[PDB]
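End of the sequence shown = 377 in our numbering, gap-free, step of one.
Yeah, the Cβ is synthetic: ideal placement off N, Cα and C, and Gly gets one too.
Notes for the one structure printed next.
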Amino acid sequence: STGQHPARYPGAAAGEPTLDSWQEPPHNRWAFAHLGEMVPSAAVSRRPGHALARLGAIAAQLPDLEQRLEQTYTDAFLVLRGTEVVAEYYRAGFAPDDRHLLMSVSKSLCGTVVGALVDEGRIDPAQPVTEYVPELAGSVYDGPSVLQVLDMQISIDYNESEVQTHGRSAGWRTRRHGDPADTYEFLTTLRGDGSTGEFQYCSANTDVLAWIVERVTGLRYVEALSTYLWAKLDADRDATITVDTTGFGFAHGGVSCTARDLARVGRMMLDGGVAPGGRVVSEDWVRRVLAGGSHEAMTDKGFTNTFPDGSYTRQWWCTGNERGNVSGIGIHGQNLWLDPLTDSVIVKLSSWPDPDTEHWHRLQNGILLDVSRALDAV
């Protein structure tokens, strides 16, 4: 048993509605206004072919930038310098206001929600996970602190299999018989040797954070992500997030939004944690993110080969490079990239044919770094 979870609507029974009950009362009142949460759905456009390239400013310094973006399967690219959009690119068929899957850039959004609750004094990172989610007793999350989840310094037996099972449990892939019912149940199945302190990138960590958020606030993670972050950004559009059969948002990977709106998250980070709608996280939280995590914990050569002094903290990758670059990162080429030096945010949303190869990362990081340097005063 995974304990109490936020009801899908006021008074809803646990787990209700399901794909088979949503037409029945009392479910149908909510379901009729939220059917996309139950059944896959397409937009029917209220608006009735060519790539949009407005690289302009930095185009002078980077002549072949558009070709480089094409080579890295770029769907949306946006550079925010201060409060100004100084460069934009969208591939043919992807509109400026279209939303794009964030993959694990979603994690950095989740960490931000956790940080907001730390700022409020409702989460103490030093406390064990089980202080907030007792039902994780007996799992690999029995013992580690919330901060160790945030920094992903927990040794976990997570086949990178657990990765497929995780997706099946959450509805990203077709369910197999014997699979856990939902994301919460999947998390309780996870085991490890009990060691901590070394970085191990594991998507399960972020979903535990979201579960903690739910227990602390009583809100569905879907709503917490809005209340503590999205609704304070003055975003152009809602974000979306995939949900599993209990309505639990896929915190570690399932958010989609526009490139411009994602940049508003970076802007908030470079503004000391303050957004147009109010403070999201504390100045201290932002400083700790920009400062990085323990370097010695970071033993992922896939990262340190490019960023030798890099680290990871609070759901952000920290390059530790001379620019102090930090980034949200998601597979197939998603970055929410911060360049504090120039007070700039770079959003790149892509669809590399492959999820995570040295080849694509090399090309992608080359672009992000070149664009960052192009923004330097000269």
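Quick one: Cα of residue i to Cα of residue j, how far?
i           : j      : result
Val85       : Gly92  : 22 Å
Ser44       : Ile155 : 44 Å
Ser107      : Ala234 : 17 Å
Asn27       : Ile240 : 21 Å
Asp270      : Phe76  : 21 Å
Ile330      : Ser349 : 9 Å
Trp315      : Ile57  : 26 Å
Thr312      : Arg175 : 34 Å
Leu116      : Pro127 : 16 Å
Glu83       : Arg236 : 18 Å
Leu79       : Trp29  : 38 Å
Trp229      : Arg219 : 14 Å
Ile153      : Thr205 : 12 Å
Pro95       : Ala42  : 16 Å
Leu100      : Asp192 : 34 Å
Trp210      : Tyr183 : 8 Å
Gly276      : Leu232 : 6 Å
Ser310      : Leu146 : 15 Å
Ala376      : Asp342 : 12 Å
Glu213      : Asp63  : 46 Å
residue 439 : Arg53  : Past the boundaries of the shown model lies residue 439; the chain is included only from 0 to 377, so the question cannot be answered.
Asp369      : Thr164 : 38 Å
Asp141      : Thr195 : 12 Å
For the alpha helix (DSSP H) containing residue i, name the first residue and the last one.
i      : result
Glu222 : 220 to 227
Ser105 : 104 to 118
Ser349 : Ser349 -> not in any alpha helix (DSSP H); beta strand (DSSP E) instead, spanning 343 to 349.
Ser371 : 357 to 373
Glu282 : 282 to 290
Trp21  : Neither: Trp21 is in no alpha helix (DSSP H) and is coded neither H nor E.
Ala30  : 26 to 30
Would you say residue i and residue j are within 8 Å of each other, going by their C-beta atoms?
i      : j      : result
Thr298 : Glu197 : yes
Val148 : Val207 : yes
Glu282 : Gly272 : yes
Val139 : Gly327 : no
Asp181 : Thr244 : yes
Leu135 : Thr216 : no
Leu337 : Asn320 : no
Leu51  : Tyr89  : yes
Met268 : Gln199 : no
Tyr131 : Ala203 : no
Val254 : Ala274 : no
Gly248 : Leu335 : no
To which residues does DSSP link residue i through a beta bridge?
i      : result
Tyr89  : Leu51, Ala75
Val242 : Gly248
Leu100 : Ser255
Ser144 : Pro127
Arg278 : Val273
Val139 : Beta-bridge pairing links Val139 to no other residue.
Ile122 : In the DSSP output, where bridge partners are listed per residue, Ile122 has none listed.
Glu83  : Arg80
Go to residue i, then tell me how far its beta strand (DSSP E) extends in each direction, as first and last residue.
i      : result
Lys300 : From DSSP, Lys300 is part of no beta strand (DSSP E) but of the alpha helix (DSSP H) over 300 to 303.
Relative to the ligand MN, is the shortest distance from any of its heavy atoms to the C-beta of residue i smaller than 7 Å?
i      : result
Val344 : This structure lacks the ligand MN; in fact it carries no ligand of any kind.
Can you give, in chain order, each stretch of the beta strand (DSSP E) that sits fully within the region 155 to 218 and has at least 3 residues? none
Ordered list of beta strand (DSSP E) runs contained in the region 32 to 79, each at least 3 residues: 51 to 53
Runs of beta strand (DSSP E) wholly within the region 309 to 338 (minimum 3 residues, chain order): 310 to 312, 315 to 317, 325 to 329, 333 to 338
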